[PDB]
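Protein chains in written order, with the authors' numbering: chain b, 1 to 147; chain a, 1 to 147; chain f, 1 to 147; chain B, 148 to 221; chain A, 148 to 221; chain F, 148 to 221. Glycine residues also receive a C-beta, built at the ideal position from the N, C-alpha and C atoms. Shown next, in structure tokens, is the structure this report addresses.
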Amino acid sequence: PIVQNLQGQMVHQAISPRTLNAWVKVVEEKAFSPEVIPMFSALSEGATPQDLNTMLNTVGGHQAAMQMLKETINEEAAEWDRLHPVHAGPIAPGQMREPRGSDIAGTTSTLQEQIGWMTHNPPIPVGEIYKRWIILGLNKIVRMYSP
Amino acid sequence: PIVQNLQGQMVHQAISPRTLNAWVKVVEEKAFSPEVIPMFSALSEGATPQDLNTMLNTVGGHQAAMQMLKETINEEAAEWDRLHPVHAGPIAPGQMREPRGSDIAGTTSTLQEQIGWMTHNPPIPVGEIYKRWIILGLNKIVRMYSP
Amino acid sequence: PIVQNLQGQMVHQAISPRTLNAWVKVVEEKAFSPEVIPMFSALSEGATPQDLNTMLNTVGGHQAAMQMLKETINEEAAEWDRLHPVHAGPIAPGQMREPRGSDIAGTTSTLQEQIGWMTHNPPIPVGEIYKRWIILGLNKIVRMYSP
Amino acid sequence: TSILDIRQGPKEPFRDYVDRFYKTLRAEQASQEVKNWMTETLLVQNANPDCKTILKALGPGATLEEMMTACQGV
Amino acid sequence: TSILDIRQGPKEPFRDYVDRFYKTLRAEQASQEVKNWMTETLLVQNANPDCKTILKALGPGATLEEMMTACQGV
Amino acid sequence: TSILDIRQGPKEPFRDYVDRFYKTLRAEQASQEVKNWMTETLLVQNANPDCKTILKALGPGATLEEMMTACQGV
């Protein structure tokens, strides 16, 4: 995640193993139950896309759901690209590039790039955009997996 | 929560997973027992509204009680709005807006807004107002759930 | 509790959840056994009255004993008020008020007031006065609960 | 399981049923106004005859602590 | 369960009963004066005949360690 | 249980008895001088005849390792 250091700057720090394991354990115990979404939300505080793929990729089991989510993440990403067209002409030397759906999904962007966008002024909340897609896709799952 | 940093300022820091889990475990083990209220009170030290909705939303089970509480929180909030009318004329550029019942419940306010009110001079104790509503609603529950 | 900060001043910091839980667990496991008193004493190092009511109020079970203790705390408090009369005339602007039995029990005093008395020069050890009452009342219990 | 399929048993305490209701209501994502409509309507409708009878005597305007204490002996 | 419904069994140690009493008293929220009234009154009244007899011999002014040691063999 | 009620069984090792003694002595709060008096007195007095006999042969001035090794076969 990207956290504030004592000095008063935003720097990246790694997520903790008993945080990781707590994510694992939630999924083990409460599967598709709604409490998973606030839980997720708390444990995703200050998290990167990269950390969010890590969390999704580290799941075991419920592979039908994991595939449905993936496909929702790509749909929501396809929709990001649709709604926000690429911008006019070449990229400025003085500036950094606008993200695509795949940069938001973490796929085409690097960590330093993910830190550029979030730490820069104005900052862009690429975590929160992926977060809604995850929560939206979580609703899809919850609604389906209701019996 | 909003905690004091080493430098001598009040800054927000996230709540810990084994704190979260300790909240979960209390509820699992002691359900509606009175010891839950001091326990809550200790674990809510320096907590935001946002963190208090997180704690309430992360409950599983006892949904009749969770609904009774919600409805108590809204009643107490409706009462906040009644007792404290909105103030005269437009909001000053030099000042920040007075809270409503829903800002106290965390709903209409953002985190930075919740930090503005608490860290500013004079500070306003929107945690402690929600805390009484929670404790009051906890009494309602305890009294009902006595057999 | 009130602890010394790195800067070299005495500031309040909250007590830890696995400290809280360790207090709980001691009581669960060793009930009225004598080892509870040194144990208490260690975990009460630098503690406030407020923190001491928190610890007593968070007990579950052994309610006959908890009531006997309460009643000992009030007796010892009644005795504090008896032995130490209130002082002559009005309270000085330059000074802060002398405590009563109920300020020692934490009841009539606020935290900032509890920090005033302890941090001020000379300091007054209102923790240690309550601590003896707790230990004295612990002897009463231990002696009774011997079989 | 659908919200319409939530019903109170003939021997099931209302309390255990109300818990089931706001759990399933917790998995419904509808507008608040619709969820208010569901609350006043469906809860009583799928409640058992003995408690149903009881709840009819509370009239309208009733709140959950009063419903929950009203159907306790049933 | 209501505080009036708290009573001592015919074979139940007083001790186990006094624990039940201050647990239920712990869920009563009344003024201290009323709760003092409940203490001196209801506790003895719902105590069993054998201990009740014992407690009558302690007279008034009695404290909990002396009541608790007084009804120990009963 | 009172300190006077602490006694050694006819088949109980002294050792297990001495442990019981300083546990109960651990719940006595009396002056040290009185507790010294209890040590030299009550311990031997409630000790069983076979070990009691043994302890009488150690004479006075004896310390706990020597008492504890003295009554080991008993």
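Buried/exposed call for residue i, threshold 16 Cβ in 10 Å
i	result
a:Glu28	exposed
a:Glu76	buried
F:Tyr169	exposed
b:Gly127	buried
f:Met55	buried
b:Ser16	exposed
b:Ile91	exposed
F:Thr210	exposed
b:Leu6	exposed
B:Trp184	exposed
f:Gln4	exposed
b:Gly106	buried
a:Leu20	buried
B:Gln179	exposed
B:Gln176	exposed
f:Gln114	buried
Minimum C-alpha distance to residue i - residue among the options
i	options	result
B:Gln192	B:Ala174, B:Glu180 and B:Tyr164	B:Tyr164
f:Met66	A:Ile153, A:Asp166 and A:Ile150	A:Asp166
f:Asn57	a:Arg82, a:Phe40 and a:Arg143	a:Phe40
F:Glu187	F:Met214, F:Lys158, F:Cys218 and F:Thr148	F:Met214
b:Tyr145	b:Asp81, b:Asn5 and b:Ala64	b:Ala64
a:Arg100	a:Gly94, a:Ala92, a:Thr110 and a:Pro93	a:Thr110
a:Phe32	a:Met68, a:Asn5, a:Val3 and a:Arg82	a:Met68
a:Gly116	a:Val142, a:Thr48, a:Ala22 and a:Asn139	a:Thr48
a:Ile141	a:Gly89, a:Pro1 and a:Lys70	a:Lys70
a:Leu136	a:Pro147, a:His120, a:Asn74 and a:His84	a:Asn74
F:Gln155	F:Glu180, F:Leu190 and F:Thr200	F:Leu190
a:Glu45	f:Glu113, f:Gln13 and f:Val86	f:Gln13
f:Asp51	a:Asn53, a:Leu52 and a:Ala42	a:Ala42
F:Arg173	f:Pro34, f:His62, f:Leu138 and f:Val24	f:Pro34
Any chain A beta carbon closer than 8 Å to residue i
i	result
f:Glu71	yes
f:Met68	yes
a:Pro38	no
a:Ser146	yes
Neighbour flag for residue i against chain f, beta carbons, 8 Å
i	result
F:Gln176	yes
a:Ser33	yes
Short CB-CB distance (under 8 Å) between residue i and chain a
i	result
B:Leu211	yes
f:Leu20	yes
B:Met215	yes
f:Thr108	no
b:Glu45	yes
f:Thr48	no
Same chain, Cβ closer than 7 Å to residue i, five either side skipped, listed in chain order
i	result
b:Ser102	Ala77 and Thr108
A:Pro157	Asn195
b:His87	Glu98
F:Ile201	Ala217, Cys218 and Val221
a:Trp23	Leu43 and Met55
b:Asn53	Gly106
Residues of its chain near residue i, where Cβ-Cβ distance is below 6 Å and the 5 sequence neighbours each way are ignored
i	result
B:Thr171	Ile150 and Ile153
a:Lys30	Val36
B:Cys198	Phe161, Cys218 and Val221
f:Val11	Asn5
Below-8 Å beta-carbon distance, residue i vs any chain F residue
i	result
f:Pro90	no
Beta-carbon proximity list for residue i, same chain, < 8 Å, skipping 5 on both sides
i	result
f:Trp80	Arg100, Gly101, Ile104 and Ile129
b:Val59	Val27 and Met66
a:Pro123	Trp117
f:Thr72	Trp133, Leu136, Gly137 and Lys140
Neighbour flag for residue i against chain B, beta carbons, 8 Å
i	result
a:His62	yes
b:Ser41	no
b:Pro1	no
Neighbour flag for residue i against chain b, beta carbons, 8 Å
i	result
residue 152 of chain a	There is no way to answer for residue 152 of chain a, as the model of chain a reaches only from 1 to 147.
a:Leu6	yes
a:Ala14	yes
With 8 Å as the C-beta to C-beta threshold (strictly closer), list the residues of the segment 119-144 of chain b near chain a in chain order.
Those residues of the segment 119-144 of chain b placed with their C-beta closer than 8 Å to a C-beta in chain a do not exist.
Using a Cβ cut-off of 7 Å, which residues of the segment 149-181 of chain B contact any Cβ in chain b, in chain order?
Shown in chain order are the members of the segment 149-181 of chain B whose Cβ falls below 7 Å from a Cβ of chain b: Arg173, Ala174 and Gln176.
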